[PDB]
Amino acid sequence: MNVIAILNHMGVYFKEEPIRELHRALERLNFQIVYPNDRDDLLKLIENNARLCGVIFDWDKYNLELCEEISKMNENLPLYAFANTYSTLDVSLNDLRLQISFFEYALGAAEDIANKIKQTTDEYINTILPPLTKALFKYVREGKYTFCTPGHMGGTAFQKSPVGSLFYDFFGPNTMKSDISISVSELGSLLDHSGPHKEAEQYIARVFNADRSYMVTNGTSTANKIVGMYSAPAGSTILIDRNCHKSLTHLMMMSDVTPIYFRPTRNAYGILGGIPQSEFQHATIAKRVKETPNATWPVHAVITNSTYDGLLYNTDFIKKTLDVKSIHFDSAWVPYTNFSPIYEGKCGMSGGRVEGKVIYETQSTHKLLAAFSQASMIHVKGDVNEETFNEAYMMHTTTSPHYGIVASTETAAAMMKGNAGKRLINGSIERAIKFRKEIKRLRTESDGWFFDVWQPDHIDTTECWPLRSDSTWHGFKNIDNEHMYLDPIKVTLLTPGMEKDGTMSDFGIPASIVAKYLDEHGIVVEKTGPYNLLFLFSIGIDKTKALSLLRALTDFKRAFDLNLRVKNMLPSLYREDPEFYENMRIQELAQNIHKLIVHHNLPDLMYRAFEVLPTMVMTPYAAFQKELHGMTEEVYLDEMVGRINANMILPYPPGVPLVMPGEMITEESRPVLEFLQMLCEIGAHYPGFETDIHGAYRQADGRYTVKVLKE
Amino acid sequence: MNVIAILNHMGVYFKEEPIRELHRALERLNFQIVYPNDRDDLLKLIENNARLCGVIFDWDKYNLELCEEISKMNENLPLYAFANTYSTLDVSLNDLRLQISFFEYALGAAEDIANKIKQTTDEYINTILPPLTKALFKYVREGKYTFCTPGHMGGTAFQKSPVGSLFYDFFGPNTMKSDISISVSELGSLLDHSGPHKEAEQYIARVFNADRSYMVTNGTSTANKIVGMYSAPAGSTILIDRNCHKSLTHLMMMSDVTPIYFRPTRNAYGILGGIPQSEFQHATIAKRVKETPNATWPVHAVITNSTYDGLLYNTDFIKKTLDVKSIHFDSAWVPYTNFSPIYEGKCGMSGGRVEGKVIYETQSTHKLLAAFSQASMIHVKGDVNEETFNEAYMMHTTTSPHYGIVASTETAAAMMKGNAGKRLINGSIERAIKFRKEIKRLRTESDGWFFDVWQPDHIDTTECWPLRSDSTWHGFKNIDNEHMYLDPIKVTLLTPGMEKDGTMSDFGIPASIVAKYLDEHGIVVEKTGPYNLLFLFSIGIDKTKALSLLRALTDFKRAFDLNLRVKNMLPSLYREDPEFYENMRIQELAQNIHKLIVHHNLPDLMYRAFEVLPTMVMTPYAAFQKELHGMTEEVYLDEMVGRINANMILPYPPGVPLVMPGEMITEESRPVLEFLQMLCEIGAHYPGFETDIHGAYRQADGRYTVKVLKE
Amino acid sequence: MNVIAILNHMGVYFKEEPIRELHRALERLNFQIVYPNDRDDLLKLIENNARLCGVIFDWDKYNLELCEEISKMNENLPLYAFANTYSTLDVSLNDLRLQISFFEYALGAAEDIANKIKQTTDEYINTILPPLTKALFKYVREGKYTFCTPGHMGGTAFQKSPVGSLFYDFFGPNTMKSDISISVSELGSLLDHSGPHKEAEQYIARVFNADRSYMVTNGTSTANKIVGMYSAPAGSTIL
Ligand SMILES: *Cc1c(COP(=O)(O)O)cnc(C)c1O
Ligand SMILES: *Cc1c(COP(=O)(O)O)cnc(C)c1O
Ligand SMILES: *Cc1c(COP(=O)(O)O)cnc(C)c1O
């Protein structure tokens, strides 16, 4: 932050001479001097260059063309405008947040002007930063408190060991000095909720529109277990979603509760939809209570909004139909549904406090924002006990938190405040919609097959495309209108190979081959398998990272139409088995895999398997108790009908659980077992595409083994 | 790491000319050149300067005086010794780990020598570093895999926001690039325990002498709950220590178990001793099972070794008398009991595998070592199930671990391996023993009172001082011999004010006033209150931080003997209440507080209160169930006899729990209630020394309120 | 105030090399470096030279010949003494007012040492000066309050008149900026006897051994008329 802009050359000498004298004075305090050209030149030095804090221009030249466009980007940006004798303001310059510092054209006084710019720049730094981060940066340059934790104390022990000097010189001197615990008086403690930590929690909830919010320092996987243990006593009933996370499954194994799984919607490509509106009724929930042994009235509900693919729900209908006093929303993929008018009424924070209910959200911080890993939040909207919810937060958070992540956790809430942060959320949406139009433009004009974006036929708008009932792009039968939304920054590329009715075709390329082709250039697909390609277009994807993805997609069509070899296209796959992948081309491998999907019938053995649910004998908490006593055994995959599993089956593809720990496969869940045996055959012929199931151990013959319980 | 040493000036020209030519060649690749004088000069450039990797000296001048002292410090340190024509080795140079690189004195070949030094230096970096850290540093300069988590992607989003540029320019560009998740193929995942993470768990367990060790990324407070949820089913019996931690209390409130509290020893100064040998008997444990309703055979035991003050126990006697198959040792203060011969047989890892038992330890990493915060380990010594214990670890660690802390967790185990790490553990002990002798030297020679170290009269040794039965320095009656140890790096300053029998005196200064006086110069007291001052002498405490503590202690005697004012000595205390602390001196405040301790009788109302235990009605897990249902109420402190509390009482001073959540104060625990009412009176007369109890809330009249359960 | 003294030479290289690295780091923040000779050389750099604030010497060489003579001349004078491994204090160093800052001989950390000396020097300035004078110097560097008396406002009107530029350039920029009236909130007023002016009256009386003392701004000739008009009514008798 040391860029000073000097716009507009008057041509006279009594105005350019003070500029030349100031040029030699600002460089003595480390400041970069730039000279833009016209009005459009200064506008490009703010959106692209974020390290600018000084704009020098003539006030009697552009008093209305610069005070309006700059105010729409940054409000507290200092403006070192130079006025004259006959200078005045304008009536249209009253409702604009600006910081204009006037000066004169006096010779010899250039030294006093340089001291005022440095003092004004320090005021801008001490304003846009939160008080928690301000106390961290001040303690590095001035704090000298000895005998504190940790033992390194800014890297003192690293300067005495030969191996410790390499780890300290990589990050930097200012990196280890900010690693302090609760051994500081002028910073308070995180568990005490006092001092700078008290004002930090009120600053995040005010920007994100909330009443009280904490700072989880162990990722979202930990924040879901703290809230789940607040409104679920031993022996109650919870309403967890079927499309849950690995951490959400362990929550059912740590508390003696009786969960009730929902019935989400799904298509044939593998993209899971959402929970229908009929499941939130009173006659639907109460019907499953009597059918499930040992189950009372549900007091907590876990809703995955959005899912792993990115599909927003309708919170305006759940907060009125679902009769749960503690409704939870797993907002681990949408930490931005507030800073844009196309996201109002789509989350729990949008709106107001529900009478007699409370909304919990675990907005991830390190997922789709800009902060260190292992960072999460707990958004509470309602009237809860402060002395009770505080004890549950200390059950998973240590007494010495890492302030390096805490400073970045609150930073994400400050980077989005104001018009400077709205240009990053709306900017990523405009870059995502532009990428969606570049696919349809290069599809009809191309000569052959081309990738397709899972989007409606009409994308001539900047909002969330609703999933209506008279469309064929989504392919969700019996879908509810005004309930399923689409995330514009969640572009899902649909590779050719299937039709629009859900059947198979004759010519197509699976998404597993494209996933490895993008890895050679440094692109890893977020979700691949059947015929989908999920990508993340958050604030970290600029115009360079977005255009680099389109160029790699055009190279795959050129290499496939010319029929190239595997060695001259996929060097990483050739090193796995050079003998088998010798005389093989890109067209021979793409056609042999497509025939195996039609032969084994993948879309049918996957849709019917995920629809039915195995018979849940006991609660997931009771299954973990038998494992600690040693009553577990390893059986074959073909010999397991009528047994209780011990772990959760997570087959890849897709990425959703199959059998929960504590269920039994009877005659109702017959297609469930057929889905596991089909992946063991298709993933054994060609190397590289082996079967990936988190729970199936590979032996020395080919047959996988599962972990069940003793009879 | 770029320091090259050139020792011994022969005086000739055919040997000094290649040195001058090499001086201009090594500077082109960023290397600092130093020229030591005699033999003692080179020895000071290694212990103090850890960034050295090149030693150039004549082989035919000091072939035995340098190859022996350097080998005792660093083994893999390269030695760029220059040999001659008539050069040979020595018989005494066979059992020494060195790396000697021979060269010649050729003109013009100085460029080829610089390439060999840079290549040898790169081999030294790629050897002393663990494979997990090596893969993290290499991924920064080569790995460019985009479209992955976290969202910042090396700090890309920070370059677009004005406030984000100030946070990216603080830690450094190489800091954000090293923040990656499990979205990397060549680094594996932490939950999968494969790849670099698989070899990292074996490298730590080998140095720390263990079979399997993990890396907890949420501090030690979280790792204690992982072991507690493995050998303690719902309805069993655990043996938790009375001197537990805040996280250990929440473990009893999350699992339906029946804990049995021990009876640790204690004196009058507030320093808690340890568990006697009689509590580990079979007739003592089985007697408390019948007296406690709903209690079976104990299957798990939690032993706090060491405590908060630093007192090692006797693991050689516990592992034979205590009949518990799952014995836990809370080693949250001794992460170094395997690098010195004066610590053998004092921890659970020392020795061998116990037949039919298993030892669990939670060594703290960010306490007395050198690593980032929120880092812990789980040491397992026994025969446990791998597929069962792994599920308990994933119930508290997120799926995307922060590799910045994981790389530093294994670094702490790598910085101590070899003789280079033994000089830091034994070096901190030598600096601690030297500090203990400087107190007794400045006590008799001084003219007046002086601080005293809680140590025996004979400290003329370098080992752990045992607590015998014929000594008066410890003041623990009915103590067991060869069971209580002393940590030399845990110096506890005993301020004058009490006698050696446990009564009170006439002249003394409390430790609370000294605690605030040390904060002015930059010294934070770890534990204070009655008449004790606990400090931490880790590896980070060098000779500068050690000598700075003695100077501040001598300044307190000078300011007190001359009778100075509070405003001219304690500026922080004067700003709290300038009106009351106006006409007050340092002698008037030190004498008024000492009379309040004798009047209210603190040592008697604290020793008898901690001895007796309240009547535990229900288990701590059952007390948390009534809090979620809204059956709590706030009552006065004077009206609570016969009620069940909801929170844990943690009064300061000292720092140990008083009443556990789920206990009742009857007629047996009468002194327990008197201890809470005594602190409310002594901490209300003079500002700054208010009553600090983690459980009692301050109202608007003076009387504190507690949180109990409804009848 | 920017003179740093480095006394004695141990002759070794692991102690003189950190001195050479610190020599190039202290000059970047405007600090003069002097190299005294023997013990009598450092004593002449304190009584004669008053702009000195840093004394660097070996702790294991003159631990009693320097900590006694310097204490007899200045109490809050910082002492940047470098200690070693086998270093300790003396029993005759308990009743002496000194400010000893310990360091090491580590290479590469010369930049961090320069930041500790600059902050220690700033703490020395903010301690020996009274709070009234300290608040006046900070108001000049940090103070953009407009529409206040007097009319010059740090010398603003002097930059417009040709004759006024000769009077403003004679004293200095920091001279006219320190001439402020009671138009400042964080400095209080002299007639109100509150804020910094309240603590200044109690500080002067404590130095000159008194209970209360004011500050007359019109010489002694005016102070004699204030006391005379307090204990001499109309028609009384004075001696
Ligand atoms: C990725 C994810 C998590 C894990 O996020 P972390 O911050 O790494 O713990 C938890 N829940 C959901 C729904 C996720 O998608
Ligand atoms: C300090 C301490 C802890 C907490 O350590 P962290 O690594 O910060 O989690 C836990 N137990 C004991 C006994 C402690 O002293
Ligand atoms: C010199 C003198 C004065 C005048 O002093 P000023 O401070 O200039 O007013 C007054 N009284 C006596 C006795 C003097 O000697």
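Every chain's residues are listed with numbers counted from 1 in the order the sequence is written; these need not match the entry, and residues without coordinates are not shown. Chain A is the first chain written and ligand 1 is the first ligand written, with later ones labelled in order. Here we see some chains out of a larger assembly; the values all refer to those chains and nothing more. Remark: hydrogens and water are excluded; side-chain values derive from all non-hydrogen atoms of the structure.

**Describing the overall build of chain A**
Then, in step 1: When helices and strands are tallied, chain A shows 21 helices and 22 strands.
Then, in step 2: Against the compact-globule benchmark of 27 Å for 711 residues, chain A has a radius of gyration of 30 Å, which places it among compact chains.
Then, in step 3: For the C-alpha atoms alone, the extent of chain A along its principal axes is close to 95 × 65 × 60 Å.
Then, in step 4: Buried positions account for 62% of the 711 residues belonging to chain A.
Then, in step 5: Here the analysis covers contacts within chain A between residues at least 6 apart in sequence; of these, 70% occur between residues at least 24 apart.
Then, in step 6: The Shrake-Rupley method, run with a 1.4 Å probe, gives the accessible areas here. Residue values count only the displayed protein chains as cover. Within the structure as shown, chain A displays about 29000 Å² of accessible surface, and the carbon and sulfur contribution to it stands at 48%.
Then, in step 7: In this tally, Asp and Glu contribute negative charge and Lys and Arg positive charge; neither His nor the terminal groups of the chain are included. For the purpose of locating charges, the reference atoms are NZ of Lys, CZ of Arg, CG of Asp and CD of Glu. Of the charged side chains in chain A, 71 are positive and 87 negative; the average position of the first set lies 1 Å away from that of the second. Starting at the N terminus, helices and strands are each numbered in turn, a helix being any DSSP run of H or I of at least four residues and a strand any DSSP run of E of at least two. In this treatment the radius of gyration is a C-alpha quantity, and the globule benchmark scales as 2.2 Å times the residue count to the 0.38 power. Accessibility here uses a 1.4 Å probe with only protein chains present; expressed as a share of the type maximum, an area under 20% marks a residue as buried, one over 50% as exposed, and anything in between as partly exposed. Contacts: residue pairs with any heavy atoms within 4.5 Å of one another.

**Section: the packing of aromatic side chains**
Then, in step 1: Between rings of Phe, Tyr and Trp, where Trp is taken as its six-membered ring, a pair exists when centres lie within 6.5 Å; planes separated by under 30 degrees are stacked, by over 60 edge-to-face, and by other angles tilted. A complete count under the given rule lists 85 aromatic pairs over all chains for this structure.
Then, in step 2: Ring geometry for A:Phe556 versus A:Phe560: centroids 6.4 Å apart, planes at 15 degrees, classification stacked. You can see A:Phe556 and its partner A:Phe560 sitting in helix α16 (residues 543-561), four residues apart, about one turn around the helix.
Then, in step 3: Ring pairing ties together the aromatic residues A:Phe137, A:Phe372, B:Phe158, B:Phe167, B:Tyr168, B:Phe170 and B:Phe171, which thus form one cluster.
Then, in step 4: Looking at B:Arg242, its charged tip hangs above the ring of B:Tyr261, at a distance of 5.3 Å from the centre.
Then, in step 5: We count a charge as sitting over a ring when the NZ of a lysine or the CZ of an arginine lies within 6 Å of the ring centre and within 35 degrees of the ring normal. Above the ring of B:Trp333, the side-chain terminus of B:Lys367 is found at 3.9 Å from the ring centroid.

**What about the interface of chain C and chain B?**
Then, in step 1: Each partner contributes to the interface: chain C provides 31 residues, whereas chain B provides 31 residues.
Then, in step 2: For the chain C and chain B pair, buried surface summed over both sides reaches about 2800 Å², with 50% attributable to carbon and sulfur atoms.
Then, in step 3: Only one rule defines a salt bridge in this text: a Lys or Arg side-chain nitrogen within 4 Å of an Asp or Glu carboxyl oxygen. Taken together, chain C and chain B are joined by one salt bridge.
Then, in step 4: Between B:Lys543 and C:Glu104 there is a salt bridge, with the nearest N and O atoms lying 3.5 Å from each other.
Then, in step 5: Two N or O atoms form a polar contact when they lie within 3.5 Å of each other; inside protein one atom must be a possible hydrogen donor and the other a possible acceptor, and for residues adjacent in sequence the pair counts only when both atoms belong to side chains. For the interface between chain C and chain B, the tally reads 13 residue pairs in polar contact.
Then, in step 6: Secondary structure elements with two or more residues in the side of chain C that touches chain B: α1 (17-26) and α7 (196-207) of chain C. A quick way to say it: buried area is the sum, across both parts, of accessible area lost when two parts are put together, with a 1.4 Å probe.

**A closer look at the pairing of strand β3 (residues 52-56) of chain A**
Residue and element names in this part refer to chain A.
Then, in step 1: Counted residue by residue, β3 has five buried out of five residues, so it is predominantly covered.
Then, in step 2: Think of it this way: DSSP has to see at least two bridges between two strands before they count as a pair. Pairing analysis gives four bridges linking strand β1 (residues 3-6) to β3, with the strands arranged parallel. Paired with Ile-6 across the two strands is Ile-56, which belongs to β3.

**Re the relation of the copies chain B and chain A**
Then, in step 1: Copies overlaid by least squares; the fit is on C-alpha atoms. Structural alignment of chain B on chain A gives an RMSD of 0.2 Å, achieved by rotating through 179 degrees and translating 0.3 Å along the axis. This pairing of chains is accounted for by a two-fold axis.
Then, in step 2: A symmetric contact is evident, with 97% of the interface residues of chain B recurring at the interface of chain A.

**Here's the deal with the site of ligand 3**
Residue and element names in this part refer to chain C.
Then, in step 1: Residues in contact with ligand 3, as listed here, are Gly-219, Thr-220 and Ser-221.
Then, in step 2: Note that an oxygen atom of ligand 3 is positioned 2.6 Å from one of the backbone N or O atoms of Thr-220.
Then, in step 3: Take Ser-221: an N or O atom from its main chain is 2.7 Å from an oxygen atom of ligand 3.
Then, in step 4: Surface burial for ligand 3 is 30%, taken as the share of its 390 Å² of free accessible area covered by protein chains. To be near a molecule or strand, a residue needs just one of its heavy atoms within 4 Å of it.

**Thoughts on the pattern of salt bridges**
Then, in step 1: One pass over the full model with this rule turns up 63 salt bridges over all chains.
Then, in step 2: Put simply, B:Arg242 and B:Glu663 hold a salt bridge, and the shortest N to O gap is 3.7 Å. Separated by 421 residues along the polypeptide, B:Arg242 in the loop between β7 (237-239) and α9 (246-252) and B:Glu663 in strand β19 (residues 663-664) bring together distant segments of the chain. This pair shows no difference in class: B:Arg242 is buried, exactly as B:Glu663 is.
Then, in step 3: The salt bridge partner of C:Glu65 is C:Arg39, with a shortest N-O separation of 2.5 Å. Of this pair, C:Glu65 sits in the loop between β3 (52-56) and β4 (78-79) while C:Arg39 sits in helix α2 (residues 39-47); the two residues are 26 residues apart in sequence, bridging distant segments of the chain.
Then, in step 4: Each of A:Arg39, A:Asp40 and A:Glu65 takes part in salt bridges that share partners, so that together they form one network.

**What about the packing of helix α4 (residues 131-141) of chain B against helix α13 (residues 403-414) of chain B?**
All names here are of chain B.
Then, in step 1: Here an angle of 0 to 180 degrees is reported between the N-to-C directions of two axes, which are lines fitted to C-alpha atoms, with helices fitted over the stretch in contact. Two numbers describe how α4 lies on α13: the axes approach to 9 Å, and their chain directions differ by 140 degrees. Between α4 and α13, the angle is such that the two are oblique. Relative to α13, the crossing made by α4 is left-handed. Residue-level contacts link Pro-131, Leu-132, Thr-133 and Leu-136 of α4 to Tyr-403, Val-406, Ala-407, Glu-410 and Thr-411 of α13.
Then, in step 2: Three categories are distinguished: nonpolar for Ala, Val, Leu, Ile, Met, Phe, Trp, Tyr, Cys and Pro, charged for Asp, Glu, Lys and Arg, and polar for the others, with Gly belonging to the last. Each residue belonging to the contact of α4 with α13 can be placed in one class, and the counts come to six nonpolar, two polar and one charged. When describing relative orientation, an angle under 35 degrees is termed roughly parallel and one over 145 degrees roughly antiparallel, while 65 to 115 degrees is termed roughly perpendicular and anything else oblique. Left-handed is the label given to a crossing in which the near helix is rotated counterclockwise from the far helix by less than a right angle, and right-handed is the label when the rotation is clockwise.

**Structural notes on the state of the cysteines**
All names here are of chain C.
Then, in step 1: Disulfides are defined in this document as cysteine sulfur pairs within 2.5 Å. As enumerated under the stated definition, the model contains zero disulfides over all chains in all.
Then, in step 2: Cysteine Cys-67 shares no disulfide, and the gap to the nearest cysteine sulfur, in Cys-53, comes to 17 Å.
Then, in step 3: Its relative accessible area of 0% is what places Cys-67 among the buried residues.

**A word on a positive patch on the surface**
Then, in step 1: Positive charge collects at one region of the surface, where A:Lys134, A:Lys138, C:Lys134 and C:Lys138 lie side by side.
Then, in step 2: Elements with a minimum of two residues in the positive patch: α4 (131-141) of chain A together with α4 (131-141) of chain C.
Then, in step 3: By relative accessible area, which is 33% here, C:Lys134 ends up partly exposed. By definition, no residue in a patch forms a salt bridge, and every one has over 30% relative accessible area; like charges are joined within 9 Å, nonpolar side chains (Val, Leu, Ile, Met, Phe, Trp, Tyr) within 5 Å.

**Looking at the environment of C:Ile182**
Then, in step 1: Along the chain, C:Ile182 turns up in the loop between α6 (173-177) and α7.
Then, in step 2: In this view, C:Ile182 contacts C:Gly188, C:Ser189 and C:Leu190; residues no more than four positions away in its chain are not counted.

**Here's the deal with the interface of chain B and chain A**
Then, in step 1: Counting residues at the interface gives 113 residues for chain B and 117 residues for chain A.
Then, in step 2: Buried area between chain B and chain A, summed over both chains or domains, comes out near 10700 Å², and the portion from carbon and sulfur atoms is 62%.
Then, in step 3: Of all residues in chain B, B:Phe147, B:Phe170 and B:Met395 give up the largest surface area on contact with chain A, accounting jointly for 8% of the area buried on that side.
Then, in step 4: The interface formed by chain B and chain A contains two salt bridges.
Then, in step 5: Of the charged contacts, one joins B:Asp169 and A:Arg51 as a salt bridge, the two residues approaching to 3.4 Å between their closest N and O atoms.
Then, in step 6: Seen at the junction of chain B and chain A, the total is 30 residue pairs in polar contact.

**Focus on the domain arrangement of chain A**
Residue and element names in this part refer to chain A.
Then, in step 1: Assigned domains of chain A: these are domain 1 (1-129), domain 2 (130-424), domain 3 (425-594) and domain 4 (595-711).
Then, in step 2: Each partner contributes to the interface: domain 2 provides 36 residues, whereas domain 3 provides 38 residues.
Then, in step 3: Here domain 2 packs against domain 3, burying approximately 3300 Å² in sum over the two surfaces, 62% of which is carbon and sulfur.
Then, in step 4: Inspection of the region where domain 2 meets domain 3 yields 13 residue pairs in polar contact. Note that the domain bounds were set by an automatic or database domain assignment.

**A word on the environment of C:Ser236**
Residue and element names in this part refer to chain C.
Then, in step 1: Among the structural elements, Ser-236 can be located in the segment after α8 (219-228).
Then, in step 2: Given the relative accessible area of 38%, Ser-236 is considered partly exposed.
Then, in step 3: Within polar-contact distance, the side chain of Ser-236 engages the backbone oxygen of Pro-233 at 3.1 Å.

**Some points on the sheet that holds strand β17 (residues 632-636) of chain B**
All names here are of chain B.
Then, in step 1: Read across the sheet, three strands follow the order β17-β22-β21 without closing on themselves; strand pairing throughout is antiparallel. Of all strands in the sheet, those with a lone pairing partner are β17 and β21 (697-698), marking the two edges.
Then, in step 2: With two bridges connecting them, β21 and strand β22 (residues 704-709) associate as antiparallel partners. Directly across from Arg-698, in β22, lies its bridge partner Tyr-704.

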